[PDB]
$ cat input.json   # JSON, C-alpha atoms and all ligand atoms
[["chain", "number", "residue", "atom", "x", "y", "z"],
["A", 1, "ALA", "CA", 66.83, -40.78, 31.40],
["A", 2, "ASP", "CA", 69.12, -39.11, 33.96],
["A", 3, "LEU", "CA", 72.19, -41.33, 34.35],
["A", 4, "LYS", "CA", 73.86, -39.01, 36.89],
["A", 5, "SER", "CA", 70.78, -39.39, 39.08],
["A", 6, "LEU", "CA", 70.68, -43.18, 38.81],
["A", 7, "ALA", "CA", 74.32, -43.29, 39.90],
["A", 8, "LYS", "CA", 73.58, -41.01, 42.85],
["A", 9, "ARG", "CA", 70.54, -43.09, 43.88],
["A", 10, "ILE", "CA", 72.61, -46.27, 43.81],
["A", 11, "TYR", "CA", 75.40, -44.57, 45.82],
["A", 12, "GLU", "CA", 72.89, -43.29, 48.37],
["A", 13, "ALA", "CA", 71.44, -46.81, 48.74],
["A", 14, "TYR", "CA", 74.97, -48.15, 49.28],
["A", 15, "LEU", "CA", 75.74, -45.62, 52.01],
["A", 16, "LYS", "CA", 72.41, -46.36, 53.71],
["A", 17, "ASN", "CA", 72.52, -50.17, 53.67],
["A", 18, "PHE", "CA", 76.14, -51.23, 54.30],
["A", 19, "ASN", "CA", 77.60, -50.85, 57.77],
["A", 20, "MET", "CA", 81.11, -50.56, 56.33],
["A", 21, "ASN", "CA", 82.26, -48.39, 53.47],
["A", 22, "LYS", "CA", 85.65, -47.44, 52.20],
["A", 23, "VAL", "CA", 85.76, -44.02, 53.89],
["A", 24, "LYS", "CA", 84.76, -45.51, 57.25],
["A", 25, "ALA", "CA", 87.30, -48.30, 56.84],
["A", 26, "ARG", "CA", 90.14, -45.97, 55.88],
["A", 27, "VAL", "CA", 89.51, -43.76, 58.91],
["A", 28, "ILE", "CA", 89.91, -46.81, 61.15],
["A", 29, "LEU", "CA", 92.86, -48.26, 59.26],
["A", 30, "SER", "CA", 94.68, -44.90, 59.48],
["A", 31, "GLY", "CA", 94.79, -44.93, 63.29],
["A", 32, "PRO", "CA", 90.18, -48.47, 68.32],
["A", 33, "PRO", "CA", 90.46, -51.89, 66.64],
["A", 34, "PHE", "CA", 91.83, -54.73, 68.72],
["A", 35, "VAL", "CA", 94.69, -56.33, 66.79],
["A", 36, "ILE", "CA", 94.48, -60.11, 66.37],
["A", 37, "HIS", "CA", 97.91, -61.44, 65.38],
["A", 38, "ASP", "CA", 98.22, -64.71, 67.31],
["A", 39, "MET", "CA", 96.19, -67.13, 69.44],
["A", 40, "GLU", "CA", 96.55, -65.06, 72.64],
["A", 41, "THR", "CA", 95.08, -61.96, 70.98],
["A", 42, "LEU", "CA", 92.39, -63.98, 69.18],
["A", 43, "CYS", "CA", 91.20, -65.30, 72.53],
["A", 44, "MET", "CA", 91.31, -61.83, 74.09],
["A", 45, "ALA", "CA", 89.32, -60.32, 71.21],
["A", 46, "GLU", "CA", 86.75, -63.11, 71.42],
["A", 47, "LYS", "CA", 86.15, -62.48, 75.11],
["A", 48, "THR", "CA", 85.50, -58.80, 74.40],
["A", 49, "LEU", "CA", 83.78, -58.84, 70.99],
["A", 50, "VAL", "CA", 81.94, -62.20, 70.74],
["A", 51, "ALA", "CA", 81.76, -63.16, 74.40],
["A", 52, "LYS", "CA", 78.86, -65.60, 73.95],
["A", 53, "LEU", "CA", 80.92, -67.72, 71.54],
["A", 54, "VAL", "CA", 83.66, -68.51, 74.09],
["A", 55, "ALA", "CA", 81.55, -68.73, 77.28],
["A", 56, "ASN", "CA", 81.59, -72.55, 77.15],
["A", 57, "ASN", "CA", 84.36, -74.24, 73.14],
["A", 58, "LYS", "CA", 85.22, -75.24, 69.57],
["A", 59, "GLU", "CA", 88.69, -75.28, 67.99],
["A", 60, "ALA", "CA", 90.03, -71.78, 67.30],
["A", 61, "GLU", "CA", 89.85, -72.33, 63.52],
["A", 62, "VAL", "CA", 86.21, -73.41, 63.79],
["A", 63, "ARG", "CA", 85.37, -70.37, 65.94],
["A", 64, "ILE", "CA", 87.03, -68.12, 63.37],
["A", 65, "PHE", "CA", 85.05, -69.79, 60.57],
["A", 66, "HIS", "CA", 81.85, -69.25, 62.57],
["A", 67, "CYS", "CA", 82.64, -65.52, 62.77],
["A", 68, "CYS", "CA", 83.33, -65.59, 59.03],
["A", 69, "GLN", "CA", 79.86, -67.03, 58.39],
["A", 70, "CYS", "CA", 78.21, -64.56, 60.75],
["A", 71, "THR", "CA", 79.82, -61.73, 58.78],
["A", 72, "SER", "CA", 78.61, -63.23, 55.50],
["A", 73, "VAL", "CA", 75.07, -63.61, 56.81],
["A", 74, "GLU", "CA", 75.03, -59.95, 57.84],
["A", 75, "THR", "CA", 76.43, -58.83, 54.47],
["A", 76, "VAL", "CA", 73.86, -60.94, 52.56],
["A", 77, "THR", "CA", 71.12, -59.17, 54.51],
["A", 78, "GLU", "CA", 72.62, -55.77, 53.68],
["A", 79, "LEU", "CA", 72.94, -56.79, 50.02],
["A", 80, "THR", "CA", 69.29, -57.84, 49.87],
["A", 81, "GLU", "CA", 68.18, -54.41, 51.15],
["A", 82, "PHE", "CA", 70.60, -52.69, 48.80],
["A", 83, "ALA", "CA", 69.22, -54.70, 45.89],
["A", 84, "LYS", "CA", 65.64, -53.74, 46.82],
["A", 85, "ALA", "CA", 66.75, -50.13, 46.51],
["A", 86, "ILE", "CA", 68.36, -50.67, 43.08],
["A", 87, "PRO", "CA", 65.97, -48.92, 40.64],
["A", 88, "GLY", "CA", 64.21, -51.68, 38.64],
["A", 89, "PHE", "CA", 65.11, -54.66, 40.84],
["A", 90, "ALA", "CA", 61.80, -54.75, 42.70],
["A", 91, "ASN", "CA", 59.86, -54.96, 39.42],
["A", 92, "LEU", "CA", 61.44, -58.35, 38.73],
["A", 93, "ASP", "CA", 59.77, -61.66, 39.37],
["A", 94, "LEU", "CA", 60.43, -62.61, 42.99],
["A", 95, "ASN", "CA", 61.98, -65.89, 41.78],
["A", 96, "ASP", "CA", 64.45, -63.95, 39.60],
["A", 97, "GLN", "CA", 65.25, -61.61, 42.52],
["A", 98, "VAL", "CA", 66.24, -64.71, 44.51],
["A", 99, "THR", "CA", 68.35, -66.09, 41.67],
["A", 100, "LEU", "CA", 70.20, -62.80, 41.15],
["A", 101, "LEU", "CA", 70.99, -62.58, 44.87],
["A", 102, "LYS", "CA", 71.92, -66.26, 45.17],
["A", 103, "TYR", "CA", 74.67, -65.99, 42.51],
["A", 104, "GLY", "CA", 75.64, -62.40, 43.12],
["A", 105, "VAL", "CA", 76.05, -62.03, 46.89],
["A", 106, "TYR", "CA", 79.46, -63.72, 47.24],
["A", 107, "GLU", "CA", 80.89, -61.86, 44.24],
["A", 108, "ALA", "CA", 79.69, -58.64, 45.88],
["A", 109, "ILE", "CA", 80.98, -59.77, 49.30],
["A", 110, "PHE", "CA", 84.51, -60.32, 48.03],
["A", 111, "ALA", "CA", 84.49, -57.09, 46.02],
["A", 112, "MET", "CA", 83.46, -55.08, 49.13],
["A", 113, "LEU", "CA", 85.83, -57.04, 51.38],
["A", 114, "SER", "CA", 88.66, -55.28, 49.54],
["A", 115, "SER", "CA", 87.59, -52.05, 51.24],
["A", 116, "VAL", "CA", 88.50, -53.39, 54.70],
["A", 117, "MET", "CA", 91.72, -55.14, 53.63],
["A", 118, "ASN", "CA", 95.28, -53.94, 53.33],
["A", 119, "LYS", "CA", 98.45, -55.93, 52.68],
["A", 120, "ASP", "CA", 98.76, -56.76, 56.38],
["A", 121, "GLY", "CA", 95.25, -57.68, 57.50],
["A", 122, "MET", "CA", 91.58, -56.83, 57.52],
["A", 123, "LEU", "CA", 88.95, -55.13, 59.65],
["A", 124, "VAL", "CA", 86.45, -57.44, 61.34],
["A", 125, "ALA", "CA", 83.61, -57.24, 63.85],
["A", 126, "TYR", "CA", 82.05, -53.97, 62.70],
["A", 127, "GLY", "CA", 85.42, -52.23, 62.59],
["A", 128, "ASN", "CA", 86.46, -53.21, 66.12],
["A", 129, "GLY", "CA", 89.08, -55.81, 65.27],
["A", 130, "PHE", "CA", 91.96, -56.06, 62.82],
["A", 131, "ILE", "CA", 93.04, -59.63, 62.09],
["A", 132, "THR", "CA", 96.40, -60.08, 60.43],
["A", 133, "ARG", "CA", 96.91, -61.77, 57.10],
["A", 134, "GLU", "CA", 99.82, -63.75, 58.53],
["A", 135, "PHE", "CA", 97.71, -65.04, 61.41],
["A", 136, "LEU", "CA", 95.04, -66.30, 59.01],
["A", 137, "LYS", "CA", 97.76, -68.03, 56.97],
["A", 138, "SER", "CA", 98.94, -69.71, 60.18],
["A", 139, "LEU", "CA", 95.68, -71.60, 60.80],
["A", 140, "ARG", "CA", 95.51, -75.32, 60.25],
["A", 141, "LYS", "CA", 94.37, -76.59, 56.89],
["A", 142, "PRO", "CA", 91.87, -76.15, 55.36],
["A", 143, "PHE", "CA", 91.02, -72.95, 57.21],
["A", 144, "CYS", "CA", 94.27, -71.17, 56.31],
["A", 145, "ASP", "CA", 93.18, -71.42, 52.66],
["A", 146, "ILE", "CA", 90.01, -69.32, 53.00],
["A", 147, "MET", "CA", 91.20, -65.77, 53.07],
["A", 148, "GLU", "CA", 94.48, -65.65, 51.14],
["A", 149, "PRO", "CA", 92.91, -65.65, 47.62],
["A", 150, "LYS", "CA", 90.62, -62.86, 48.82],
["A", 151, "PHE", "CA", 93.59, -60.76, 49.95],
["A", 152, "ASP", "CA", 95.23, -61.41, 46.57],
["A", 153, "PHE", "CA", 92.13, -60.17, 44.77],
["A", 154, "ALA", "CA", 91.82, -57.16, 47.07],
["A", 155, "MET", "CA", 95.39, -55.95, 46.64],
["A", 156, "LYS", "CA", 94.93, -55.59, 42.88],
["A", 157, "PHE", "CA", 91.36, -54.32, 43.24],
["A", 158, "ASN", "CA", 92.45, -51.67, 45.71],
["A", 159, "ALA", "CA", 95.21, -50.55, 43.35],
["A", 160, "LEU", "CA", 92.38, -49.34, 41.07],
["A", 161, "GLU", "CA", 91.77, -46.58, 43.66],
["A", 162, "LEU", "CA", 87.98, -46.77, 43.41],
["A", 163, "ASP", "CA", 85.80, -44.82, 45.79],
["A", 164, "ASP", "CA", 82.41, -45.70, 47.25],
["A", 165, "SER", "CA", 80.58, -43.98, 44.37],
["A", 166, "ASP", "CA", 82.34, -46.39, 41.96],
["A", 167, "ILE", "CA", 82.01, -49.47, 44.15],
["A", 168, "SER", "CA", 78.28, -48.97, 44.69],
["A", 169, "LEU", "CA", 77.70, -49.11, 40.92],
["A", 170, "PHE", "CA", 80.07, -52.08, 40.54],
["A", 171, "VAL", "CA", 78.12, -54.01, 43.19],
["A", 172, "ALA", "CA", 74.87, -53.07, 41.46],
["A", 173, "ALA", "CA", 76.27, -54.43, 38.17],
["A", 174, "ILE", "CA", 77.36, -57.66, 39.88],
["A", 175, "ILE", "CA", 73.82, -58.23, 41.15],
["A", 176, "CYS", "CA", 72.06, -57.24, 37.92],
["A", 177, "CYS", "CA", 73.51, -60.00, 35.78],
["A", 178, "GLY", "CA", 71.53, -61.60, 32.99],
["A", 179, "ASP", "CA", 73.48, -64.84, 32.56],
["A", 180, "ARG", "CA", 72.83, -66.37, 35.98],
["A", 181, "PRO", "CA", 71.58, -69.96, 35.71],
["A", 182, "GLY", "CA", 67.84, -70.49, 35.86],
["A", 183, "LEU", "CA", 66.56, -66.97, 35.29],
["A", 184, "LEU", "CA", 62.93, -66.72, 34.18],
["A", 185, "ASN", "CA", 62.91, -63.32, 32.44],
["A", 186, "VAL", "CA", 66.38, -63.16, 30.90],
["A", 187, "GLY", "CA", 65.40, -60.43, 28.48],
["A", 188, "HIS", "CA", 64.25, -57.98, 31.11],
["A", 189, "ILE", "CA", 67.26, -58.66, 33.33],
["A", 190, "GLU", "CA", 69.64, -58.15, 30.42],
["A", 191, "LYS", "CA", 68.07, -54.76, 29.76],
["A", 192, "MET", "CA", 68.33, -53.89, 33.45],
["A", 193, "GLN", "CA", 72.00, -54.94, 33.38],
["A", 194, "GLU", "CA", 72.64, -52.89, 30.23],
["A", 195, "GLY", "CA", 71.20, -49.85, 32.01],
["A", 196, "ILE", "CA", 73.30, -50.26, 35.16],
["A", 197, "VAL", "CA", 76.45, -51.02, 33.20],
["A", 198, "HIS", "CA", 75.84, -47.90, 31.08],
["A", 199, "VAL", "CA", 75.62, -45.80, 34.25],
["A", 200, "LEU", "CA", 78.81, -47.45, 35.55],
["A", 201, "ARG", "CA", 80.64, -46.74, 32.27],
["A", 202, "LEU", "CA", 79.65, -43.07, 32.23],
["A", 203, "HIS", "CA", 80.46, -42.68, 35.93],
["A", 204, "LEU", "CA", 83.95, -44.10, 35.54],
["A", 205, "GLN", "CA", 84.54, -41.78, 32.58],
["A", 206, "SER", "CA", 83.61, -38.79, 34.79],
["A", 207, "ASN", "CA", 85.21, -39.91, 38.05],
["A", 208, "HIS", "CA", 88.44, -41.42, 36.66],
["A", 209, "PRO", "CA", 89.44, -39.42, 33.57],
["A", 210, "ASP", "CA", 93.02, -40.50, 34.22],
["A", 211, "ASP", "CA", 92.39, -44.24, 33.60],
["A", 212, "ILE", "CA", 90.87, -44.80, 30.18],
["A", 213, "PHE", "CA", 90.71, -48.58, 30.64],
["A", 214, "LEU", "CA", 89.07, -48.58, 34.06],
["A", 215, "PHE", "CA", 85.73, -49.86, 32.71],
["A", 216, "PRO", "CA", 87.17, -52.93, 30.91],
["A", 217, "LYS", "CA", 89.42, -53.55, 33.95],
["A", 218, "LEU", "CA", 86.28, -53.74, 36.08],
["A", 219, "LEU", "CA", 84.50, -56.04, 33.62],
["A", 220, "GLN", "CA", 87.48, -58.36, 34.01],
["A", 221, "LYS", "CA", 87.29, -58.07, 37.80],
["A", 222, "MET", "CA", 83.68, -59.25, 37.59],
["A", 223, "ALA", "CA", 84.82, -62.38, 35.75],
["A", 224, "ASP", "CA", 87.68, -62.85, 38.26],
["A", 225, "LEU", "CA", 85.14, -62.68, 41.09],
["A", 226, "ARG", "CA", 82.98, -65.38, 39.55],
["A", 227, "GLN", "CA", 86.01, -67.68, 39.48],
["A", 228, "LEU", "CA", 86.93, -66.68, 43.03],
["A", 229, "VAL", "CA", 83.44, -67.62, 44.22],
["A", 230, "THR", "CA", 83.44, -70.93, 42.35],
["A", 231, "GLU", "CA", 86.70, -71.83, 44.10],
["A", 232, "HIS", "CA", 85.48, -70.53, 47.45],
["A", 233, "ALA", "CA", 82.33, -72.65, 47.23],
["A", 234, "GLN", "CA", 84.48, -75.71, 46.53],
["A", 235, "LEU", "CA", 86.53, -75.11, 49.67],
["A", 236, "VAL", "CA", 83.38, -74.55, 51.74],
["A", 237, "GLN", "CA", 82.10, -77.94, 50.54],
["A", 238, "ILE", "CA", 85.39, -79.57, 51.63],
["A", 239, "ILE", "CA", 84.97, -77.95, 55.04],
["A", 240, "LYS", "CA", 81.30, -78.95, 55.29],
["A", 241, "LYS", "CA", 82.13, -82.59, 54.54],
["A", 242, "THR", "CA", 85.31, -83.07, 56.59],
["A", 243, "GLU", "CA", 84.80, -80.67, 59.56],
["A", 244, "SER", "CA", 81.91, -81.82, 61.76],
["A", 245, "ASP", "CA", 82.25, -78.89, 64.15],
["A", 246, "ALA", "CA", 82.03, -76.26, 61.38],
["A", 247, "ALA", "CA", 78.26, -75.99, 61.19],
["A", 248, "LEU", "CA", 77.10, -74.05, 58.13],
["A", 249, "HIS", "CA", 74.47, -71.35, 58.74],
["A", 250, "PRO", "CA", 71.13, -72.12, 57.03],
["A", 251, "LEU", "CA", 71.03, -68.98, 54.87],
["A", 252, "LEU", "CA", 74.50, -69.74, 53.54],
["A", 253, "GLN", "CA", 73.54, -73.38, 52.97],
["A", 254, "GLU", "CA", 70.60, -72.27, 50.82],
["A", 255, "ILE", "CA", 72.87, -69.90, 48.85],
["A", 256, "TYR", "CA", 75.50, -72.56, 48.19],
["A", 257, "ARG", "CA", 73.05, -75.38, 47.45],
["A", 258, "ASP", "CA", 72.92, -76.05, 43.70],
["A", 259, "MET", "CA", 75.08, -72.97, 42.98],
["A", 260, "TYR", "CA", 78.07, -74.34, 41.03],
["B", 1, "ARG", "CA", 64.05, -73.53, 48.06],
["B", 2, "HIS", "CA", 65.39, -70.19, 49.27],
["B", 3, "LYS", "CA", 63.01, -69.60, 52.17],
["B", 4, "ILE", "CA", 65.32, -67.17, 53.97],
["B", 5, "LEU", "CA", 66.30, -65.12, 50.92],
["B", 6, "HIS", "CA", 62.68, -65.11, 49.82],
["B", 7, "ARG", "CA", 61.71, -63.81, 53.27],
["B", 8, "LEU", "CA", 64.45, -61.17, 53.33],
["B", 9, "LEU", "CA", 63.15, -59.96, 49.95],
["B", 10, "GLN", "CA", 59.65, -59.34, 51.34],
["A", 301, "LIG", "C1", 86.87, -61.38, 67.64],
["A", 301, "LIG", "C2", 86.93, -62.40, 66.51],
["A", 301, "LIG", "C3", 85.96, -61.93, 65.43],
["A", 301, "LIG", "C4", 86.23, -61.91, 64.14],
["A", 301, "LIG", "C5", 87.57, -62.37, 63.56],
["A", 301, "LIG", "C6", 87.40, -63.80, 63.12],
["A", 301, "LIG", "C7", 87.26, -64.17, 61.86],
["A", 301, "LIG", "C8", 87.25, -63.21, 60.69],
["A", 301, "LIG", "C9", 85.85, -62.59, 60.57],
["A", 301, "LIG", "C10", 85.38, -62.23, 59.40],
["A", 301, "LIG", "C11", 86.20, -62.42, 58.13],
["A", 301, "LIG", "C12", 85.50, -61.67, 57.00],
["A", 301, "LIG", "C13", 84.91, -62.23, 55.97],
["A", 301, "LIG", "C14", 84.80, -63.74, 55.71],
["A", 301, "LIG", "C15", 85.38, -64.05, 54.33],
["A", 301, "LIG", "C16", 85.40, -65.28, 53.84],
["A", 301, "LIG", "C17", 84.83, -66.47, 54.60],
["A", 301, "LIG", "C18", 83.34, -66.46, 54.33],
["A", 301, "LIG", "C19", 82.70, -67.75, 54.85],
["A", 301, "LIG", "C20", 81.48, -67.97, 53.97],
["A", 301, "LIG", "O1", 80.44, -67.29, 54.15],
["A", 301, "LIG", "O2", 81.53, -68.82, 53.03]]
$ encode --input "input.json" --output "structure tokens" --more "lines below"
Ligand SMILES: CC/C=C\C/C=C\C/C=C\C/C=C\C/C=C\CCCC(=O)O
Amino acid sequence: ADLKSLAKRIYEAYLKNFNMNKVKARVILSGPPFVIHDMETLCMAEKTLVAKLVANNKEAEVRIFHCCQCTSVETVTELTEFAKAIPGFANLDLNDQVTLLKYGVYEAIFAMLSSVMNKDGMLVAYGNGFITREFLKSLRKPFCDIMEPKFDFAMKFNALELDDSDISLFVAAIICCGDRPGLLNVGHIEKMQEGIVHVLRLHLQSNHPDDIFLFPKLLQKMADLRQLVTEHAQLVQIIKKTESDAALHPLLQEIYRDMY
Amino acid sequence: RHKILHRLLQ
């Protein structure tokens, strides 16, 4: 087996299927994105970037949450295509493919979200907006509680100084996870996971000779992400049950349903 | 039970 080639194939699939990557994001973040730092600039950005959503209107927090869900829906679609290009994934039982994506997509979403975040805010709307961390904190409860744990994760994740070649393999390892609930062919998935994790381990050795614990750091980040998602799903349920105007998109409803 | 995901996967 050629591990260098598997890593390159996974990286190529990542560059092909995700609209945002860390190089693209850093170019934009270096300095164009419309800066959203208060309600006036939110409303201006909406009229330019999501005009249809404010041509009527819901509460600002509910409109923001709608844009959050639209982003997630788009990233789930990109993740599904990426997964179909992961060598070995397509040979799995279609039911197991669904299970792996169901439990993995939000872990992958929050891992990749780090690439568009800095300590002050995050890129949104296909790189055309930058919404500040302080503005998101300023929203009424419960909506101000959505993004802050994700910024906290991202600041430490970004301090690892990974590049897209690393992150692509990390996202592949997140998806190819043999302990998801309800898998049919656990044995085969575990062997697929072992293979991807082996490629990740060797890649980190080659790409980050300076950090001899980077691989176990990333295993821990995978566990951190599972907890982050469990907590995120709990908050989404609170929103679903107490916020009538915050309609949940059907693909995200099917992902969350019976998850944790 | 995952009609959309199942469709996206096809
Ligand atoms: C012009 C206004 C457009 C976008 C700015 C508004 C809101 C932020 C948009 C996207 C935020 C990015 C990711 C969402 C992260 C977490 C919430 C995910 C909601 C969910 O799917 O459970």
$ interface_residues --input "input.json" --of "chain A" --to "chain B" --cutoff "10 Å" --atoms "all atoms listed in the file" --output "list in words"
residues 76, 77, 78, 80, 81, 83, 84, 90, 94, 95, 97, 98, 99, 101, 102, 250, 251, 252, 253, 254, 255 and 257 of chain A
$ write_last_selection --input "input.json" --atoms "C-alpha atoms" --output "PDB file, in the frame of the given file"
ATOM      1  CA  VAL A  76      73.860 -60.940  52.560  1.00  0.00           C
ATOM      2  CA  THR A  77      71.120 -59.170  54.510  1.00  0.00           C
ATOM      3  CA  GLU A  78      72.620 -55.770  53.680  1.00  0.00           C
ATOM      4  CA  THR A  80      69.290 -57.840  49.870  1.00  0.00           C
ATOM      5  CA  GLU A  81      68.180 -54.410  51.150  1.00  0.00           C
ATOM      6  CA  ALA A  83      69.220 -54.700  45.890  1.00  0.00           C
ATOM      7  CA  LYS A  84      65.640 -53.740  46.820  1.00  0.00           C
ATOM      8  CA  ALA A  90      61.800 -54.750  42.700  1.00  0.00           C
ATOM      9  CA  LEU A  94      60.430 -62.610  42.990  1.00  0.00           C
ATOM     10  CA  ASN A  95      61.980 -65.890  41.780  1.00  0.00           C
ATOM     11  CA  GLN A  97      65.250 -61.610  42.520  1.00  0.00           C
ATOM     12  CA  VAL A  98      66.240 -64.710  44.510  1.00  0.00           C
ATOM     13  CA  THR A  99      68.350 -66.090  41.670  1.00  0.00           C
ATOM     14  CA  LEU A 101      70.990 -62.580  44.870  1.00  0.00           C
ATOM     15  CA  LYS A 102      71.920 -66.260  45.170  1.00  0.00           C
ATOM     16  CA  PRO A 250      71.130 -72.120  57.030  1.00  0.00           C
ATOM     17  CA  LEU A 251      71.030 -68.980  54.870  1.00  0.00           C
ATOM     18  CA  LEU A 252      74.500 -69.740  53.540  1.00  0.00           C
ATOM     19  CA  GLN A 253      73.540 -73.380  52.970  1.00  0.00           C
ATOM     20  CA  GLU A 254      70.600 -72.270  50.820  1.00  0.00           C
ATOM     21  CA  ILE A 255      72.870 -69.900  48.850  1.00  0.00           C
ATOM     22  CA  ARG A 257      73.050 -75.380  47.450  1.00  0.00           C
TER      23      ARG A 257
END
$ closest_atom_pairs --input "input.json" --of "chain A" --to "ligand LIG 301 (chain A)" --cutoff "6 Å" --atoms "all atoms listed in the file" --output "Markdown table"
| residue | atom | partner | partner_atom | distance |
| --- | --- | --- | --- | --- |
| A:45 | CA | A:LIG301 | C1 | 4.5 |
| A:46 | CA | A:LIG301 | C1 | 4.2 |
| A:49 | CA | A:LIG301 | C1 | 5.2 |
| A:50 | CA | A:LIG301 | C1 | 5.9 |
| A:64 | CA | A:LIG301 | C7 | 4.2 |
| A:67 | CA | A:LIG301 | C9 | 4.9 |
| A:68 | CA | A:LIG301 | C10 | 4.0 |
| A:69 | CA | A:LIG301 | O1 | 4.3 |
| A:71 | CA | A:LIG301 | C10 | 5.6 |
| A:72 | CA | A:LIG301 | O1 | 4.7 |
| A:124 | CA | A:LIG301 | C9 | 5.2 |
| A:125 | CA | A:LIG301 | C4 | 5.4 |
| A:147 | CA | A:LIG301 | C16 | 5.9 |
$ write_last_selection --input "input.json" --atoms "C-alpha atoms" --output "PDB file, in the coordinates of the input"
ATOM      1  CA  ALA A  45      89.320 -60.320  71.210  1.00  0.00           C
ATOM      2  CA  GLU A  46      86.750 -63.110  71.420  1.00  0.00           C
ATOM      3  CA  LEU A  49      83.780 -58.840  70.990  1.00  0.00           C
ATOM      4  CA  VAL A  50      81.940 -62.200  70.740  1.00  0.00           C
ATOM      5  CA  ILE A  64      87.030 -68.120  63.370  1.00  0.00           C
ATOM      6  CA  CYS A  67      82.640 -65.520  62.770  1.00  0.00           C
ATOM      7  CA  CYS A  68      83.330 -65.590  59.030  1.00  0.00           C
ATOM      8  CA  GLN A  69      79.860 -67.030  58.390  1.00  0.00           C
ATOM      9  CA  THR A  71      79.820 -61.730  58.780  1.00  0.00           C
ATOM     10  CA  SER A  72      78.610 -63.230  55.500  1.00  0.00           C
ATOM     11  CA  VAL A 124      86.450 -57.440  61.340  1.00  0.00           C
ATOM     12  CA  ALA A 125      83.610 -57.240  63.850  1.00  0.00           C
ATOM     13  CA  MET A 147      91.200 -65.770  53.070  1.00  0.00           C
TER      14      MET A 147
END
$ residues_around --input "input.json" --residues "residue 180 (chain A)" --least-positions-apart "5" --cutoff "9 Å" --atoms "only C-alpha atoms" --output "list in words"
residues 99, 100, 103, 104 and 186 of chain A
$ residues_around --input "input.json" --residues "region 228-238 of chain A" --least-positions-apart "4" --cutoff "7 Å" --atoms "all atoms listed in the file" --output "PDB file with C-alpha atoms, keeping the file's coordinate frame"
ATOM      1  CA  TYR A 106      79.460 -63.720  47.240  1.00  0.00           C
ATOM      2  CA  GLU A 107      80.890 -61.860  44.240  1.00  0.00           C
ATOM      3  CA  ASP A 224      87.680 -62.850  38.260  1.00  0.00           C
ATOM      4  CA  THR A 242      85.310 -83.070  56.590  1.00  0.00           C
ATOM      5  CA  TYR A 256      75.500 -72.560  48.190  1.00  0.00           C
ATOM      6  CA  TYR A 260      78.070 -74.340  41.030  1.00  0.00           C
TER       7      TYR A 260
END
$ atom_distance --input "input.json" --atom1 "CA of residue 227 (chain A)" --atom2 "CA of residue 179 (chain A)"
14.6 Å
$ atom_distance --input "input.json" --atom1 "CA of residue 37 (chain A)" --atom2 "CA of residue 126 (chain A)"
17.7 Å
$ atom_distance --input "input.json" --atom1 "CA of residue 66 (chain A)" --atom2 "CA of residue 243 (chain A)"
12.2 Å
$ axis_aligned_box --input "input.json" --around "region 92-107 of chain A" --padding-each-side "6 Å" --output "JSON"
{"center_x": 70.3, "center_y": -62.3, "center_z": 43.0, "size_x": 33.1, "size_y": 19.9, "size_z": 20.5}
$ residues_around --input "input.json" --residues "residue 36 (chain A)" --least-positions-apart "5" --cutoff "6 Å" --atoms "all atoms listed in the file" --output "MDAnalysis selection string"
chainID A and resid 41:42 130:131
$ closest_residue --input "input.json" --among "A:53, A:82, A:172, A:166" --to "residue 202 (chain A)" --atoms "only C-alpha atoms"
A:166
$ residues_near_point --input "input.json" --point "(75.8, -50.1, 52.7)" --cutoff "10 Å" --atoms "only C-alpha atoms" --output "number ranges by chain"
A: 11-21, 75, 78-79, 81-82, 112, 164, 168
$ closest_residue --input "input.json" --among "A:29, A:204, A:3, A:85" --to "residue 115 (chain A)" --atoms "only C-alpha atoms"
A:29
$ closest_residue --input "input.json" --among "A:65, A:225, A:2, A:9" --to "residue 145 (chain A)" --atoms "all atoms listed in the file"
A:65
$ residues_around --input "input.json" --residues "residue 138 (chain A)" --least-positions-apart "4" --cutoff "12 Å" --atoms "all atoms listed in the file" --output "ChimeraX atom specification"
/A:37-39,60-61,131-134,142-148
$ build_atoms --input "input.json" --residues "region 2-7 of chain B" --atoms "N, CA, C and O atoms" --output "mmCIF file, in the frame of the given file"
data_model
loop_
_atom_site.group_PDB
_atom_site.id
_atom_site.type_symbol
_atom_site.label_atom_id
_atom_site.label_comp_id
_atom_site.auth_asym_id
_atom_site.auth_seq_id
_atom_site.Cartn_x
_atom_site.Cartn_y
_atom_site.Cartn_z
ATOM 1 N N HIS B 2 64.624 -71.236 48.597
ATOM 2 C CA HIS B 2 65.390 -70.190 49.270
ATOM 3 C C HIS B 2 64.494 -69.458 50.250
ATOM 4 O O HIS B 2 64.244 -68.257 50.099
ATOM 5 N N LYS B 3 64.006 -70.177 51.268
ATOM 6 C CA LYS B 3 63.010 -69.600 52.170
ATOM 7 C C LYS B 3 63.523 -68.339 52.844
ATOM 8 O O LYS B 3 62.772 -67.370 53.011
ATOM 9 N N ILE B 4 64.798 -68.328 53.251
ATOM 10 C CA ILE B 4 65.320 -67.170 53.970
ATOM 11 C C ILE B 4 65.484 -65.987 53.024
ATOM 12 O O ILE B 4 65.017 -64.878 53.307
ATOM 13 N N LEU B 5 66.165 -66.198 51.893
ATOM 14 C CA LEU B 5 66.300 -65.120 50.920
ATOM 15 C C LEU B 5 64.939 -64.604 50.502
ATOM 16 O O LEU B 5 64.721 -63.390 50.407
ATOM 17 N N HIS B 6 64.009 -65.519 50.238
ATOM 18 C CA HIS B 6 62.680 -65.110 49.820
ATOM 19 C C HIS B 6 62.008 -64.263 50.892
ATOM 20 O O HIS B 6 61.310 -63.289 50.580
ATOM 21 N N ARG B 7 62.228 -64.611 52.164
ATOM 22 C CA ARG B 7 61.710 -63.810 53.270
ATOM 23 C C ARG B 7 62.402 -62.459 53.350
ATOM 24 O O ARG B 7 61.744 -61.423 53.499
#
